[PDB]
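No Cβ is skipped: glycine too gets one built from the backbone with ideal geometry, and neighbour counts run over all protein chains shown. Please treat every number below as a calculation from the coordinates, not as lab data.
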Amino acid sequence: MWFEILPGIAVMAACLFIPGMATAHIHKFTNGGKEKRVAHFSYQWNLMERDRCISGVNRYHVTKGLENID
Amino acid sequence: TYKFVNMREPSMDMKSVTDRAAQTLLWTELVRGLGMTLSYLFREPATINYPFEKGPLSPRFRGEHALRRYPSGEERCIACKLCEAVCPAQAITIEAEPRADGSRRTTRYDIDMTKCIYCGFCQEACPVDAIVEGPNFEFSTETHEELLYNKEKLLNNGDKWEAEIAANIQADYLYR
Amino acid sequence: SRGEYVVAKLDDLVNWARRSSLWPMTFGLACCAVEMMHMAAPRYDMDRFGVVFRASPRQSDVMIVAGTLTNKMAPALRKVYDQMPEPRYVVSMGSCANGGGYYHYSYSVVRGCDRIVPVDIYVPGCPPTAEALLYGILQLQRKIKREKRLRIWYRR
Amino acid sequence: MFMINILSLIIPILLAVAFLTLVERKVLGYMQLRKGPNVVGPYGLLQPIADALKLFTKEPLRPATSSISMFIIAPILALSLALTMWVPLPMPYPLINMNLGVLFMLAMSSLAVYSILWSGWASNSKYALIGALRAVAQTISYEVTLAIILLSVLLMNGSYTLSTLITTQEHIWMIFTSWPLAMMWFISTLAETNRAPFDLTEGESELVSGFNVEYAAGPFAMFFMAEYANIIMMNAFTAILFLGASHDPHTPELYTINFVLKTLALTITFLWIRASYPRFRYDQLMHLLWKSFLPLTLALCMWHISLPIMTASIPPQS
Amino acid sequence: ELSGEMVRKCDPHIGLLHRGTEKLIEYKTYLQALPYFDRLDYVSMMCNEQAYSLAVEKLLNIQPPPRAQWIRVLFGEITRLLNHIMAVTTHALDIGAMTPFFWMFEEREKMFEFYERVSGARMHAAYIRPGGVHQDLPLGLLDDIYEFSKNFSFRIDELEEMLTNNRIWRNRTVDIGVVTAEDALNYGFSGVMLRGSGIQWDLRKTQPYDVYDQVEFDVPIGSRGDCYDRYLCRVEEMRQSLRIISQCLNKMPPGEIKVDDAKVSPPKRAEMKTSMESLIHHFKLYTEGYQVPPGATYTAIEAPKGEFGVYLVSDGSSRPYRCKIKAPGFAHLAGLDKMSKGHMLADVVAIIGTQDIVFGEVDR
Amino acid sequence: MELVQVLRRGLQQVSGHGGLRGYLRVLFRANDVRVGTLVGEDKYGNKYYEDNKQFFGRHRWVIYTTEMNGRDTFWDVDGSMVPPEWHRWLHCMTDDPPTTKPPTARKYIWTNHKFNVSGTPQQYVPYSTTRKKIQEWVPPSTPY
Amino acid sequence: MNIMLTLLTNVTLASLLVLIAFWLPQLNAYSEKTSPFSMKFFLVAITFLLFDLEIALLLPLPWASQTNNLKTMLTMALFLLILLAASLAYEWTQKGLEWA
Ligand code: SF4
Ligand code: SF4
């Protein structure tokens, strides 16, 4: 009956779910377990560039904390 | 004696005007139609699982013609040609000669299923219940020539379907 | 041979694709169109089998000649058949379309649609019951299943 | 890995389109007391494969004989733009994060009409050319309201950035704020996607097949895929714009599930509408937009400009 | 001829389904000629059979038995329900509704089952014949008809819910195909086409043919003469047909189903097999047929698509000399051009739908 | 709740068809996984089931045999495979199954039902059943 | 480079499908198959253009709401919207909106 429609909807649901989960996890993998930083304004990009210089491995997601000080 | 469809005047009171304005702006009637379709979605479908499930038929069904025999095995048809006369599409061609036993039998009985209209005549005319449209309906063919039946084909159909045909005639012979 | 095996499996695949998705064209001249619609009706719904009515001859795969084919209508029927892409199959429904039926001796009736276009499956009846039409369509599907196009190509 | 992300966006969307076809068929059947395709595979799951293979193996007719370059570009443009419009959508993190992704999607939708425009013309037929013209008018007519309604609702977002829509609707759906705009926007999506009751373009009952009457086998399949991909994408845009979803930053899966379910609901609504209502007459279609909708959209745009000022609810720009 | 989407000139070309029916009738006996009338209007077969039966009976000066007449009126109303279902649902399909098609075609399948039970043919049966009806109703059929009719009202109500008050549906039909009452009368329109314009004429009341004088029903009358009013009339006529069906179910008489005259109606099988007179008459009836007294008549009935008439002239032989069929769709398709003026293509589709035209009737 | 009951009924359907393998078998062959009372089985192997609870038109159904008349019918099944005795029960022409009410036994009746043979070497070929009408003169064999 | 990559990939994929659908199935062996009125209603299209211009003029409004002279901004925004409404009303009343 009407439940027979459900399997196609479920396959479509999985297919639609795949890209969002893929994007989230790819961002996590590329940005070191943190969300990809969002730079909608030049100040945020300047912060990202400063982090890249500070990291020393030329990767912004690498974060240097109080340990680098003194 | 007569009824007026339409011919109704809407009320002009503020409540009725507000209701109709709501219907126009808020799409109420469209929502009602949508709800009807939704209910039909949740209703059980009427499809039968052909070929595993077959549509109902009555004993008087008119399908593939089938020449029948007597219980002794002698072919019932007695070359009366009454069927050829009533045939409204002249799909029946009958030729007869006295057979060796001396009985009046048909040397040729051809029913062109490509010209026949499945009227049910002949079945109601044959004085000896010879040609009787059988219950079979799924006898489609891949070539035109297969549908030009011969007396041998009709007798084979009768032999094949006699078990059902006799029962159907028994069911309906009192109504006739 | 391995090549024969690959060819046979590919032909099975293409035949299955063609028979599963049979798109008849919305072509009904006379009474048998009513029984055709009843086949499309919920009881014997053709869409379960992959049979979907598509108006465009260019987007259609099977032509069901449901009705009496008159001399005036015959050239149009031939034209619509020709504009239909291949593989194309023709199913003749009704005594009128098969051989002229009730109007076989009419001056204005083509005595069978086989004279105008080739016919693959003939569905007897006047009108053929919708179940008979569905049976004819399934017989056409089996006929497609038996096709050996790629096998014959490999054998040459 | 960015190419991997592109493929992950593209291929599943195409598979979703393929199975959306089956879903449509079964839903329409059940609302018509019928059963959808079920012979081909368990519960009909293999029907789209059969349909695609049958289409591809079918004869490639082409009596266009005019600007074959255009006759080939039109399917390419349609499919490419349908795939591209999915890119900026945040689900919840967008593939490409644009400050103006909304205007990007509007521009891509406007461009996608050229696919119908060229296909019908390069076909060089009667129904094809006139049907293509009717298409231009339809999409063009509703593009106006689409933009106005979109601007009116984003006045609360504070930007054209799609991602911030999640933040704006964190506490409540924007449908509660702008349901009249939501209704008009939904009808607008229906018109833009050329779906019933506005399926005038193809318009099988009136025009044999419309702009795709001279397109067969694969190019017709690409037009079908573009159409259905546009349907899913527009419903996803509706879901993001109005039916916002909770997003936990640490677990994006919850938002992704909620968003996918809402988009599925809206697509099922599209099929439901296709089943219920008959088709609007070409003339009535335009009458409903320029004379009936366009006004109310202007009034609501004035209101949605005025409300943040008089309620001191101007959203933050960033 | 279309300027833009406006129809400047609408010219109907017919004969694509002309099968020379009237010519072929001359070469057949009356009983052989009966099956053609089933084919003439495929949606309303039994009504055409009844019209031909009335013509041959009137020329024959023979009267059908009362039970045959009540069976005829019952199946005439069943046929009217079928025809209206097809007309309203296919009109809706052509303008894009599409769902009521399947909804009501399930009921059509059930009514076809009733046809099959009486005659053995789902459609194009030979049930109604000169002199009455071929076979009596199989036991248990009437109660099944009761079961069907008691629920058909909900189905037609659901159809109204889908279409009657829908804004789109009204916009497609509220004022298209307007016909003046005098223009409708002059152009030869009949049935709803007349009643939609507001003229009050139903042959079932004005000139009752079989037992319609003994049944109570209301003729639906429209007020603006448009497609929407015709839609309303068709739906109401269906409701009144359901009422007539209830009445006929309640008061079906007992007795014979064909005239007790073996020179016109064939004798019963047992009688033809046991009595010499019955066999002689059976032989002559199924070979030569019954001679009709010479004369001519035009007998008209309120067929579901309008007035259906047969101008039957007899030369005293067993085969009619001339048989002219008046198809209600002929005049409607003729006036299609007048109706279409000032309208667009889609409106032309709607007008074609409103004139319930079956081209078997038009072409003959 | 009734939903749990429906799920358990689905599990009962899985069990009743002989397990998961039989469930998949009937699902792929017939597209229907209902379990019904087995009324009987013809000689050819077709099994006939009845479920009066289902609405009219689905209360009776047949599972076609995998092999009939030397043809593999696991996937290719046809309506003609139904023998005439069970045909009337299947198509609702009678309410009594052939097992309950056997058909009358006659010598001429076929003992093995043949399905539609079109497209096969067994296909019927039309031919005239009458002998030559005009007989020609036979010339004499002597030179003169 | 990300947006350029996306554009390239999508275009190439669609064009690849068009190739596999215009040439790949064209190999399959077959045989021979043989084989405007001046729209004055285009005025609607022209009016769309002049309305699309106002559409463009209205897009900056979300950032326009961030100014300190909100009074002037609101007055000018409503001025543009009222002029658009006046244009629509004029075309409506002068039967200029003669669609189809
Ligand atoms: S059913 Fe066919 S064969 Fe029999 S009398 Fe009628 S037309 Fe002739
Ligand atoms: S075969 Fe019978 S039902 Fe079919 S078109 Fe001819 S007369 Fe009509």
Per-residue HN-Hα couplings for the stretch D:77-83, Karplus 6.51 cos²θ - 1.76 cosθ + 1.60 at θ = phi - 60°, whole Hz, x for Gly and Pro? 4, 4, 5, 4, 5, 4, 5
FRET efficiency estimate (nearest 0.05) - Cβ-Cβ, residue G:42 to residue D:99, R0 45 angstrom: 0.80
Are there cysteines in chain B with no other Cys C-beta under 4.7 Å, and if so, which? B:77, B:80, B:87, B:116, B:119, B:126
Rounding to the nearest 20 debye, state how big the charge dipole of chain F is about its Cα centre with +1 on each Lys and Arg Cβ and -1 on each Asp and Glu Cβ. 200 debye
Given points 7 Å out from each Cα along the Cα-Cβ axis, report the residue F:108 to residue E:338 separation in nanometres with one decimal. 6.3 nm
Any chance you could check the Cα centroid distance between the stretch C:10-79 and the stretch A:18-70 for me, in angstrom? 60 Å
Antiparallel bridge percentage (DSSP; both residues within the protein assembly as shown; nearest 5): 75 percent
Here the FRET efficiency for residue G:29 versus residue A:46, based on Cβ atoms and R0 = 45 Å and rounded to 0.05, is 0.10
Each label point is 7 Å from the Cα along the Cα-to-Cβ direction; what then is the distance between the points at residue G:94 and residue B:90, in nm? 7.4 nm
Determine the distance separating the Cα centre of the stretch E:245-310 from the Cα centre of the stretch F:1-33; give it in Å without decimals. 55 Å
Starting from the amide H of residue E:219, placed 1.01 Å from N in the peptide plane, find each other amide H under 5 Å away whose residue is 5 or more places distant or on another chain. B:2, B:3
Assigned charges on the beta-carbon of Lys, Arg, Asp, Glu; the stretch F:19-80 dipole about Cα centre (debye): 240 debye
At a 10 Å Cβ-Cβ cut-off, how would you order C:56, E:153, fewest neighbours first? E:153, C:56
Residues F:125, E:56, C:119 arranged by fewest to most Cβ contacts within 10 Å: F:125, C:119, E:56
Please compute the contact order of chain F in relative form: average sequence separation of alpha-carbon pairs under 8 Å and at least six residues apart, divided by the residue count, as a percent. 12 percent
Mean residue ellipticity (222 nm) of chain F, computed from DSSP H runs ≥ 4 via -39,500 (n - 2.57), nearest 500: -7000 deg cm²/dmol
Long-range amide H partners of residue E:299 with built H, under 5 Å: E:310, E:312
For the stretch G:70-100 and the stretch E:105-146, write down the distance between their C-alpha centroids in whole Å. 66 Å
Rounded to the nearest 0.05, FRET efficiency between residue B:76 and residue B:107 (Cβ-Cβ, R0 22 Å) equals 0.90
³J(HN,Hα), Karplus 6.51/-1.76/1.60, whole Hz, each residue of the stretch B:78-94, x for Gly, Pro: 10, 6, 7, 6, 4, 4, 4, 5, 6, 2, x, 10, 6, 8, 9, 10, 10
Exposure proxy order (Cβ contacts within 10 Å, fewest to most) of D:185, C:16, F:75: F:75, C:16, D:185
May I ask you to evaluate 6.51 cos²θ - 1.76 cosθ + 1.60, the Karplus curve with θ = phi - 60°, for each residue of the stretch E:115-127 and list the ³J(HN,Hα) values in order in whole Hz, giving x for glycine and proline? 4, 5, 5, 6, 10, x, 10, 4, 8, 6, 7, 10, 5
Cα centre as origin, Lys/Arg/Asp/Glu Cβ charges: the protein assembly as shown dipole, Debye: 2020 debye
For chain D, the charge dipole (Cβ of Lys, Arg +1; Cβ of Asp, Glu -1; about the Cα centre) points to a positive end, and the Cα of D:69, D:309, D:92 closest to that extreme belongs to D:69
How far apart, in nm, are the 7 Å Cα→Cβ label points at residue A:29 and residue G:12? 2.0 nm
Cα-Cα over 19 Å: which of E:23/E:326; B:153/C:148; E:23/E:324; B:54/B:151; D:291/G:95? B:153/C:148; B:54/B:151
Just to confirm the number: angle between the C-alpha axis of helix E:227-250 and the first principal axis of chain E, 0 to 90 degrees, nearest 10? 30 degrees
In whole percent, the Cα-Cα distances of chain B spread across 10 Å bins from 0 upward as 8, 26, 21, 9, 9, 11, 10, 5, 2, 0
Using a Cα-Cα cut-off of under 19 Å, which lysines could be cross-linked to residue C:143, ignoring same-chain neighbours fewer than 8 residues away? C:9, D:54, D:58, F:114
